[PDB]
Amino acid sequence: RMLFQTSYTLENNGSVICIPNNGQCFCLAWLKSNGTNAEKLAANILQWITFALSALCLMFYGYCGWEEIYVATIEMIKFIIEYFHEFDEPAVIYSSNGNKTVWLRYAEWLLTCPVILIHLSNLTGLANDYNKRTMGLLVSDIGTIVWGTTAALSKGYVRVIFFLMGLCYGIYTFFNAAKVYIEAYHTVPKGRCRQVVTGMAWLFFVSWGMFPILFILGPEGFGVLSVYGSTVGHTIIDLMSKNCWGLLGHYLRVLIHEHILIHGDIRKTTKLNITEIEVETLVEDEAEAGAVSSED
């Protein structure tokens, strides 16, 4: 199948490679196997099941709500590209230093990172407005991905430095994302809504934490994982990161909006100290509408 030079002869006892002068790029590095047929088979199964979940979430969302649909929209377009051109440039970039860069992965990330982080800043769906913190989250997260993608394209000590720059931005993002979830938890009603927020927190930090781990493990890092191996790992954390989290999001949103339909918008003033933070606690009781300084 390949549309770089794949046919060559060894000359002078393999010290010289001779290739047709047909204008095609050539590098032996590009031709290294992507992994075993078993790894490939496992990856194609998880991909179909990802396509199925992406398809069902979209139709389900068909029955405010723009962030969840979009992530499933991007995810379906992703699978049609994977199905036709997963290992074709520029879904994979084959570069002059011999690297394989999965641009397909990083592109999806940059496209939906605003969508996800806006959704992070809007778990309840009630806010019309976003604080200063949201803005720092977006700037830090996009820096992370840009430094990391630079690290994937680089080699040796230059790859190390850009990874480190990505990590520094990443830590700032993780720190502030933690505060958001804390605020969300003490904002939503006391019952099922706080189970779902807790569910979303776990999914978010485990799935987001696994990305730098799979970077260091993959061809972009210490090459422990094969390409199919990395795909399989990505499909699992992909399902968690996108489909499942947006599904939990939509679910949470429904619960909160139905709370306004039954009890109404009854806010409180839970002053947290996890510092000197403040929160508007939705409650099911009209009576409860006052300042609860819960210093953590």
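The first residue of the shown sequence is 1; numbering continues from there. Rigid core (definition): largest C-alpha set, two forms, superposition within 1.5 Å.
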Handout entry: RMS Cα shift after core superposition in 5 other deposited structures of this protein, winner of 110 to 118 and 181 to 189
Key = 110 to 118
Handout entry: Unmodelled deposited residues flanked by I274 on one side and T275 on the other
Key = 1 to 3
Handout entry: Residue range whose averaged C-alpha B-factor is higher in the record, 259 to 267 or 45 to 53
Key = 259 to 267
Handout entry: Which of 190 to 198 and 124 to 132 has higher mean CA B factor, as the PDB entry lists it
Key = 124 to 132
Completion exercise
Of the residues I118, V180, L111, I93, the one whose Cα carries the largest B-factor in the deposited record is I118
Fill in the blank from the handout: By the entry's values, the third containing the CA B factor of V160 is the middle
Practice task
Compare the C-alpha B factor of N13 with those of the other modelled residues in its chain, then answer lowest, middle or highest third.
Solution key: highest
Problem - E67, C-alpha B-factor rank within chain (lowest, middle or highest third) - result: highest
Problem - Chain third (lowest, middle, highest) by recorded CA B-factor, residue given as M59 - result: middle
Exercise for the section: Within this chain's modelled residues, let me know which third the CA B factor of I237 belongs to: lowest, middle or highest. Expected result: middle
